[PDB]
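Student: Shown below is the structure under consideration.
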Amino acid sequence: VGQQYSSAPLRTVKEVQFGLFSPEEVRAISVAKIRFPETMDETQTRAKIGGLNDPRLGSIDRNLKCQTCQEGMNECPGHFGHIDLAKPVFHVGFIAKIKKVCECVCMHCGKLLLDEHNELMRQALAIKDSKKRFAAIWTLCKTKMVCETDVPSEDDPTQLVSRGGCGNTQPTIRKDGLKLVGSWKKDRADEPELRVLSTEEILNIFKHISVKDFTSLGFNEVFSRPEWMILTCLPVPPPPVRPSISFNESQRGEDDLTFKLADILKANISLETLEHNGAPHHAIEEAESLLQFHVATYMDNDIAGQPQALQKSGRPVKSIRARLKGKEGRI
Amino acid sequence: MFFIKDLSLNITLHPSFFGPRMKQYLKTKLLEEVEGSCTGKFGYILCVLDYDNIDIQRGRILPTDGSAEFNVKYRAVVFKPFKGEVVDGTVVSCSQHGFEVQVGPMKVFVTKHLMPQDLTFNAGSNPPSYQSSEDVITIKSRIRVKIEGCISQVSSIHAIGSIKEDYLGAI
Amino acid sequence: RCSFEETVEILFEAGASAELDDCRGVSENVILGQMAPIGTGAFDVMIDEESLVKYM
Amino acid sequence: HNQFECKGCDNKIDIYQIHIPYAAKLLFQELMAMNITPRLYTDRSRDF
Amino acid sequence: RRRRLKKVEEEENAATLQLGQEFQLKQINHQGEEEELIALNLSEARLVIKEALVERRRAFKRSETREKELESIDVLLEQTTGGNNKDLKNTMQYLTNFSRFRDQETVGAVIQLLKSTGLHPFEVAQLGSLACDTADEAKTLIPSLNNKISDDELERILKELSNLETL
Amino acid sequence: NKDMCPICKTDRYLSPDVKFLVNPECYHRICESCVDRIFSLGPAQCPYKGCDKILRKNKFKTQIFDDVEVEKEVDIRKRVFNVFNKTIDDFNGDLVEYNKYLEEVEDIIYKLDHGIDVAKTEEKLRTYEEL
Amino acid sequence: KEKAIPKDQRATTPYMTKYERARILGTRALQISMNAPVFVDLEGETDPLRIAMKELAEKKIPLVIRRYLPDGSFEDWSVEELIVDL
Amino acid sequence: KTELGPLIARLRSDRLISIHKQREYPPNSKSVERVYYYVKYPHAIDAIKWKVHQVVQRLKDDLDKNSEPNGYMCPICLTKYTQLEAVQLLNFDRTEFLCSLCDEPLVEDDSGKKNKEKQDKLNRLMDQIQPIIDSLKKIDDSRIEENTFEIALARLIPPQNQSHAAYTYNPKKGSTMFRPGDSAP
Amino acid sequence: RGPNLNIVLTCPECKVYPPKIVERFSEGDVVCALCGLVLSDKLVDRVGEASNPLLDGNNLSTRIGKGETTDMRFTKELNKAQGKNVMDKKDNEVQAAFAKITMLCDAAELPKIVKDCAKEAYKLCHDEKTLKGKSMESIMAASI
Ligand SMILES: [Zn+2]
Ligand SMILES: [Zn+2]
Ligand SMILES: [Zn+2]
Ligand SMILES: [Zn+2]
Ligand SMILES: [Zn+2]
Ligand SMILES: [Zn+2]
């Protein structure tokens, strides 16, 4: 038979513009808000509205239509839902990148630790390619442990020219698990101060980095901002990406992605209910860590030093990264 | 509103028309695929001006289709509706959900809520008509309508009009 | 580059760096299922009206 | 109904159809799940 | 050409003369020469359309009151146009029953009349398509005319427009 | 009736962009926000308690004087002076006739402002327009 | 059109390449299979590929090859003017 | 605790109450972290001003929306159609508006009569919310100083004779560590 | 009470309803048995996990365990956090009952069908007003 005729012009892909999803875009693209960690209603006859297999995200059955485009399985590309996360979480694939940006900017005003008043940074900013410019900037800024409200002038070092600063000592940032922990070193008069850098705190800082500042770090004003490396709204892939197989067709199985997406929802609702009423900070932090772990393992289940998400049979859950990599992956 | 627009189209020729008179076929295709067609970006393409001097560029053979793709530049008269514009037309259909006014190649739909309060629908009279103390609106009647909204699809345009404002309605 | 090794790491860096792929390589066209600009694809085939009129 | 729409962009007249392998569609959607935006464009913005 | 993502666009609205992206005042033709937006009133549009049909009829062959003109246009339409002309038939029928200027001389006078105001092409085309008796009618039927032309000029322009009305 | 629209109760403190307008027909203050929603589609009755005089959005203007009563008198004065308009030279320097003419015009304005004899006075304004 | 090199300064080979011949024969063979007008006399032949070969031998293929350059410019070469020596 | 939790949490989300955690070292007990609650007036006033504005704005917008044409809905699939969207679905007879998914006649929507009720709601709210507007006007004239745990301690009225919590602020020496939102102008 | 969203395969040409339809699985085709017209092509025939929606209903859950490289600290705390979920607490009671039923049925040398029926009987008869003053041992023994 083939696919139906279309009035749209037929074209060839000329360019591919990679980038990061903004939380606003994920909500605008979304056709439905996923709020129930189930797949079928209490009768197990139809898909639950608002659940994982919402009929609005598409159809993977030859006998049902998509509630959005009213087309069969072989024409519906699939439609994305979204889950609004209770608290921001890191992207497991950008934590190292997020850490490097944190060491480059001030963690209280979001300004690059070294301005154009420094000769070495002037050479660094003169590098054309984004990647090596970022490496040069990081090599210079990661050792600057202060914001330097006033900096020596470039005409002579006699008088100081003022620059936007705050004078707060920068911390030494290290990656412990899926958290970023900073340590402040004391003054003349013991053990350094230590506390955890909250994802909300880091998101707030990354939203203050100026356009010219993170373009120097290799980010794009329109397609990739450092603020978007922190996940606030999660895109929910359509069923085509996570189809439900049948072995005897009297038994029903769900994709590993659906299992993890249900975990994210359950962890999300648990965090919402906790922080809504009472919830001493210890309980909240535990819930946030669970939400972070589920999202991280939903995307990549092979993380150094972390536990692995396991099906009830005990085998590792197949993540999106596992599907794209290897001799048998998508590519 | 009627505009004279400079338009471009991509025409496809089946290999059966790769003869010594293929330019004539391209002209025929243009008049058969463009004239009378509706585009949400340019409105209704009504007439092609200077039918003798269309610019036919070199055609590209499609890899697997085998057909030639010609870019064609032409000058056409196109009717494009705009919200907030006032037009005149003739009523073609009447129903409980209001009447429809025919303005050139476009049909404007006037909803009850966009009509004056005094007007009321009377299905008893044949044909059905909207009756008020001063005037009667029926099929073939002439109505001055102000387009209140326009929804343009890639191959269709639908508009809603109103006759509530002054100097509107029956002419 | 993602076709050889470190597929996901390369794609994440492409997203964070907002890399533009112009699809001039064989791998990009293979992924997109379109004729690569190689061999029989290193040129375009156009139709000649000037010769069509004189071939009759 | 011969209707197209990309909600979020609020457009109905700037649509194109492309022929790609279904695995390529699957790949891009998986990248979308990973918060990556592979944006396919039918015209060039930079010269060779 | 640089990046492009969602930008806030001025919603189309005739009252504000915000005609959109493809119907801007300054247009570019196929030769790259700058030109003004060509907006036609009903009478001008009627003449332009039927002027091309006669030329089209001449191409193939070589190689008045309302009713008779309506029939003449109808027979010419069917002869000189291809299939799926359901829209053009309504257009020609609509233009003959709603036009105020019959011949070229009448239309030419209108064009030489309304170009002295310096109004937008959309506004002048509207003033030649709608019959308004008072300056107030044209100020409300064409909200854009507000604070562009004084009532003194509009009153006389409407009088002269109604002057050259055949039948 | 201090700084807020009597209809929508949009105080100036929470909406500093608020701007009021008046309609000569009834001289009722109304913020621009209410004007668009109540009158954009077409003519409608004034949205005031006790006022049933229809008006159009195109007629709204900005109040010049802070006193509403003076605004009414001035606007009527402008309407009359657009019709009843002469100069001292119109009577060939006859000051007595000119002063009597001025007094008559003031009497006309006074009657139109306070509605003493609306019908007869209004007809007189229309009549003199021909002459 | 700055990317269309004028015919007087074309610097590409005046010879048809093997890939150009393969696509031209396949391109014209596909057109013949779709009932395209044949500009060569057939002394008895039903295979579209053989008909295309006859047309190429007698230089009756109304196509031009747009050879692209690594900077985006191109040259237009008619199948009739290209030498088929390989 | 299970009842004070929801109260503290909500008064914290709206920033009517601020929290302060500090380590305490009783001379004869295990070191414990104590939690204190106070009011940061600049923070609370901004929250009040924003919420007052938003509530009025939402009602005003609802008044604007409710004054617009009604629309349409499909009884079966419960999908709303606007006046413009419904005009491209009407049948060939130009008699009824047909749904796209269900191919069923559409039913006119509600909100036609609420034109007066929404205005009544706004009339009531501005009367009830009057004291807040009057108080905010007087606050803007003056300049309020931002409060801190130490500053608040200057006005402390001790609750109990022998409270275990030491109502004192002895900051750590030479501590360059800066916590979020722990400094005031 | 919901959108139809049903696809029925019928031959446009034959027009006979209901139609004779043959599924050429080897060829991946759905063809009209009378005229031979193909009605749908490219029909479809570890990446997921199985579950029984008769004893567990709709409940997708995932365990946390060690990998090839893992620190015991993260595993212990993540399990600690996961246990303190309020929604999953309700069904864990049923699952705990299933575990003890399985233990009893296994210590009795009973076939798998017996324990499946026992667990199903428990689920159907549980969460009802009649069996609220009775000990769980009586419920389990009766279900077995
Ligand atoms: Zn769909
Ligand atoms: Zn700083
Ligand atoms: Zn108001
Ligand atoms: Zn009033
Ligand atoms: Zn429906
Ligand atoms: Zn059949």
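Please note that chains go A, B, ... in the order of the structure tokens, that every chain numbers its residues from 1, and that ligands are numbered from 1 in the order shown.
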Distance cut-off 9 Å, counting only C-alpha atoms - which residues of chain E neighbour chain A? Return them as a list in words.

Tutor: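 Residues passing the distance filter: residues 3, 4 and 5 of chain E.
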
Student: Filtering to C-alpha atoms, could you give me those residues as a compact mmCIF listing (two decimals), in the first residue's frame?

Tutor:
```
# COMPACT_ATOMS: atom_id res chain seq x y z
CA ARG E 3 20.02 30.83 13.30
CA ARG E 4 16.23 30.93 13.51
CA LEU E 5 13.90 29.84 16.32
```

Student: Once you count only C-alpha atoms, which residues of chain B turn out to be within 8 Å of chain F? Could you give them as a PyMOL selection string?

Tutor: chain B and resi 114+162+164-166

Student: Can you spit out the residues from that selection as a PDB file, in the first residue's frame, using N, CA and C atoms?

Tutor:
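Okay, selection.pdb is ready:
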```
ATOM      1  N   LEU B 114     -21.549  37.112  16.549  1.00  0.00           N
ATOM      2  CA  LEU B 114     -20.980  38.238  15.824  1.00  0.00           C
ATOM      3  C   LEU B 114     -22.034  38.990  15.022  1.00  0.00           C
ATOM      4  N   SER B 162     -18.081  39.616  10.902  1.00  0.00           N
ATOM      5  CA  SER B 162     -19.057  40.211  11.801  1.00  0.00           C
ATOM      6  C   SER B 162     -19.809  41.321  11.084  1.00  0.00           C
ATOM      7  N   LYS B 164     -21.786  43.374  13.338  1.00  0.00           N
ATOM      8  CA  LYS B 164     -22.256  44.115  14.506  1.00  0.00           C
ATOM      9  C   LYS B 164     -21.911  45.597  14.415  1.00  0.00           C
ATOM     10  N   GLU B 165     -20.731  45.926  13.896  1.00  0.00           N
ATOM     11  CA  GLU B 165     -20.289  47.309  13.870  1.00  0.00           C
ATOM     12  C   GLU B 165     -21.172  48.134  12.935  1.00  0.00           C
ATOM     13  N   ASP B 166     -21.094  49.452  13.095  1.00  0.00           N
ATOM     14  CA  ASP B 166     -21.901  50.355  12.292  1.00  0.00           C
ATOM     15  C   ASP B 166     -21.482  50.292  10.826  1.00  0.00           C
TER      16      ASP B 166
END
```

Student: So how many Å separate CA of residue 82 (chain G) and CA of residue 13 (chain G), to one decimal?

Tutor: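 A separation of 8.8 Å between them.
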
Student: As a quick test: using only C-alpha atoms and all ligand atoms, which residues lie no more than 8 Å away from ligand 1? Give them as a PyMOL selection string.

Tutor: chain A and resi 56-59+65-72+75-79

Student: Identify, on the basis of only C-alpha atoms, every residue whose closest approach to residue 76 (chain F) does not exceed 10 Å; exclude the query and any residue fewer than 2 positions from it along the same chain; express the result as a list in words.

Tutor: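 Here the answer would be residues 24, 70, 71, 72, 73, 74, 78, 79, 80, 81, 82, 108, 109, 110, 112 and 113 of chain F.
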